[PDB]
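Remarks on the structure that follows.
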Amino acid sequence: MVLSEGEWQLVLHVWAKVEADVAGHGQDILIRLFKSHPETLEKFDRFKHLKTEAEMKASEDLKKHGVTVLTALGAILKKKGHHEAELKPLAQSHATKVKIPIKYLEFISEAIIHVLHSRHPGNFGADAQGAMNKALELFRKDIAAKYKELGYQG
Ligand code: HEM
């Protein structure tokens with residue numbers, strides 16, 4: 001699909017707020033996902049053992065992984081649709097190194113939206129949430145088409 005410049009602006013305006021605290025946002029989102037959808041935790045042989053939110057909150061490995069996730073996602077969004085190059089190694093690692101179905105991308109999309117709504121209500125009204133949801137669907141559909149070229153679902 002295609003985002004208008006107005007929509008991208010709404011996306012990058014909240015994101016600028018997120019980047020004020022990348023690790024904290026990273027943590028909130030991954031724990032939102034693990035609680036909300038515990039089966040997702042199973043994909044990480046690194047975190048598999050964390051039993052309660054308190055254990056999640058205090059794992060430094062998890063917080064680090066959350067910076068990595070948000071730094072790569074931020075890089076893609078800042079490309080404003082021209083993210084072919086950024087998408088290729090992402091799709092490869094999530095389709096053959098480990099296999100992450102599109103369903104799970106939807107779940108983490110939902111957690112991102114959850115967290116932005118909680119921490120940035122004045123910058124995350126309805127218009128801003130629809131733009132962000134548009135940006136994430138575009139990511140997922142492009143990733144899905146890449147998955148398919150690489151030999152996996154999509
Ligand atoms: C916003 C969506 C996502 C982004 C931007 C993202 C990004 C990344 C990046 C940059 C890495 C490390 C570098 C590499 O790929 O080798 C990584 C690793 C990984 N991701 Fe994701 N990912 C996303 C979603 C997910 C989801 C939804 C799951 C599972 C429920 C997942 C599972 C994994 C696993 C299992 C690893 C490797 C674990 C390890 O470090 O040993 N990813 N991800």
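This chain uses plain numbering: 1 for the first residue, then up along the sequence.
Contact record, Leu10 with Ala131: CB-CB, 4.1 Å, taken as the closest heavy-atom pair. The nearest pair of heavy atoms linking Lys43 to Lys99 is NZ-O, 2.7 Å. For the pair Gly81 and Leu138, the tightest heavy-atom approach, listed with the atom from each and the gap, is CA-CD2, 4.4 Å. Minimum interatomic distance between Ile102 and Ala144 (heavy atoms only, all atoms of both residues): CD1-CB, 3.4 Å. Closest approach of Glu110 and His37 over heavy atoms only: OE2-NE2, 3.2 Å.
A 4.5 Å side-chain heavy-atom check between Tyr104 and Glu39 finds at least one atom pair inside the cut-off. Side chains of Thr40 and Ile108 form no contact here, defined as non-hydrogen atoms less than 4.5 Å apart. Side-chain contact between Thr96 and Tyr152: absent, with no pair of heavy atoms (C-beta onward) separated by less than 4.5 Å. Considering only heavy atoms from C-beta on, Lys88 stays 4.5 Å or farther from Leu150 through its side chain. Within the 4.5 Å cutoff, the side chain of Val98 has no heavy atoms near those of the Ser93 side chain. The side-chain heavy atoms of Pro121 and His117, taken from C-beta on, include no pair separated by under 4.5 Å. You'll find the side chain of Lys48 stays beyond 4.5 Å of the side chain of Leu41, heavy atoms only.
Residues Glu55 and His49 bring no donor and acceptor atom of their side chains to less than 3.5 Å of each other. For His120 and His13, the side-chain atoms include no donor-acceptor pair closer than 3.5 Å.
A salt bridge links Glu86 with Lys79: the closest approach of a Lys/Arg side-chain nitrogen to an acidic carboxylate oxygen falls below 4.0 angstrom. The residues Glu53 and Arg32 are annotated as not salt-bridged, no charged nitrogen and carboxylate oxygen being separated by less than 4.0 angstrom.
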Verify side chain to side chain contact (heavy atoms under 4.5 Å, CB included) between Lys80 and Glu5, making sure each step is shown before the conclusion.
CA-CA 9 Å; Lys80 271 157 88 191; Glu5 177 67 13; 3.0 Å; yes
Just do the side chain to side chain contact (heavy atoms under 4.5 Å, CB included) check on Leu70 and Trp15 with the steps written out, would you?
CA-CA 10 Å; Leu70 284 213; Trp15 201 252; 4.2 Å; yes
Step by step, would you call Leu77 with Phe139 a side chain to side chain contact (heavy atoms under 4.5 Å, CB included)?
CA-CA 9 Å; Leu77 294 172; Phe139 164 70; over 6 Å; no
Step by step, would you call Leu62 with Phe34 a side chain to side chain contact (heavy atoms under 4.5 Å, CB included)?
CA-CA 11 Å; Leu62 190 150; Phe34 294 160; 3.9 Å; yes
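For the atom pair OG of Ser59 and CD1 of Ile31, the computed distance is 8.5 Å after rounding to the nearest 0.5 Å. Going from atom CG of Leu136 over to atom CD1 of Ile143 covers 12.5 Å, rounded to the nearest 0.5 Å. Rounded to the nearest 0.5 angstrom, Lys78 NZ and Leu12 CG are separated by 8.0 Å. The CG atom of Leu87 lies 13.5 Å from the NE2 atom of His82; values are rounded to the nearest 0.5 Å. Separation of atoms CD (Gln129) and CG (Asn123) is listed at 13.0 Å; rounding is to 0.5 Å.
Within a 6.0 Å radius of NZ in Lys17, no more than 12 heavy atoms belonging to other residues, nucleotides or ligands are found.
Applying the salt bridge (charged side-chain N to carboxylate O under 4.0 Å, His left out) test to residues at least two apart or on different chains, the pairs with a partner in residues 117-142 are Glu7-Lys134, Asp21-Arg119, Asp28-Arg119.
Aromatic pair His94/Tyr147: ring centres not closer than 6.0 Å.
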